[PDB]
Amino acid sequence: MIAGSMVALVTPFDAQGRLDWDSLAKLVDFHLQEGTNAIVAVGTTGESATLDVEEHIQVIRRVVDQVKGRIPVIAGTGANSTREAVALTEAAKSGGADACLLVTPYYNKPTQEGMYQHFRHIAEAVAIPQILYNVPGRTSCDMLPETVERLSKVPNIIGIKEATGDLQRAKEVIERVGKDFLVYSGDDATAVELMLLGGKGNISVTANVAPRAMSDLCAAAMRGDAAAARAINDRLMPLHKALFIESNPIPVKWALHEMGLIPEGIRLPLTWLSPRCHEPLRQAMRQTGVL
C-alpha cells in the first residue's frame, strides 16, 4: 500500500559521478530491514535533474528488481514539459514501478488550468498510478487546493505530496478531496502534523538516515497517537533541520557517506556539503542516534 514512511531515496554516485549499483543495493536492503513502507527512486532527492533518460530507467529497474515486490517502488517522473513527463512516466511503467510521483512543472509557471491539463493528459496517457507533487519553493508555482481537488477526480491520480509545510493548506486539501485520495507530506519538520490532520504518509528525506524512526513516526501519526508521533518528531527535529542546511540532497548525501552507505559523488550543479555545515549535521546525527 502506498502510504506511511516513503523514503525519497538518494541516487549514489561514485567519486567520478557514475551510478554505483553496489551502493544502491545496500540502501535498498537498509530500507527493507528498517521498516520503510515504500521507496521513491529518481525524484528530487535522487538528483532527477542530472540523470539522463537512460539512467532514469536503469535506476528504476535496478530498484524494482531488487525489491521483488516486497514494498512499493515509486518513480519520479515529473517534468516541465508535458511530452517529456509522459515519456518518463511510460518508462517507469515499463521499468516495473508501482506508481509515479510527478512534480508540478518548474520554471515555466503554468496557470492553474495548464496544471490541470498537464496532469489530466499524463493520467490518461499512461495507465499507472500517479501522485502529484506541490513544492513552490522549488518550482516557482503553487498548485492551489481547487486544482488539487479537480485532479483528485481523475483516474490514476491517487494522491499528492504537499511540500509547503503550511498546515492550513494541508487541512484545506484533506477536507476537499475524497477519502481515497491520499495526502502525503513533503516537509519532514511538519509531516507529523499533516498526518495527524488526516494525511497518510511522508515522502521523506530524513528517512534516508533514520528509517526505523520515521516508520515509527508515520505509524503513530497515522493512528492518531499524537503524543507518540510528536515525541519521535521532537527528537528528530535537529536532524530534520540539519538535512536542509544546504539544498537537499547535499546534506543527506554527506550524512549517508558518513554512515558508510554511499560514496562521495554528486553531480554539478550540486556540490558536496560545505565544511561549515558538517558540524551541525554530524551533531544532529549523533544526538538522534544515527551515527
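Sequential numbering from 1, following the sequence displayed.
Tell me which stretch, 178-186 or 123-131, has the higher mean Cα B-factor listed in the entry.
For C-alpha atoms only, the mean B-factor is higher in 178-186.
Could you check which stretch, 47-55 or 243-251, carries the larger mean CA temperature factor in the entry?
Higher mean C-alpha B-factor: 47-55.
Could you tell me which one of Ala38, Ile266, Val67, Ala41 shows the highest CA temperature factor in the PDB record?
Reading the PDB entry, the winner on C-alpha B-factor is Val67.
Looking at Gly78, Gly165, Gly201, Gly137, which has the biggest Cα B factor in the entry?
The record points to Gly165.
C-alpha B factor of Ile71, ranked within the chain: lowest, middle or highest third?
Tercile = highest for this residue's CA B-factor.
Taking the entry's C-alpha B-factors for this chain, is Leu281 in the lowest, middle or highest third?
It falls in the middle third of the chain.
What third of the chain does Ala213 rank in for C-alpha temperature factor, lowest, middle or highest?
Middle third, going by the recorded CA B-factors of the chain.
When the modelled residues of the chain are sorted by Cα temperature factor, does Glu113 land in the lowest, middle or highest third?
As the PDB entry reports it, the C-alpha B-factor of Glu113 lands in the middle third of its chain.
Chain-wide C-alpha B factor ranking for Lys161, given as lowest, middle or highest third
Lowest third.
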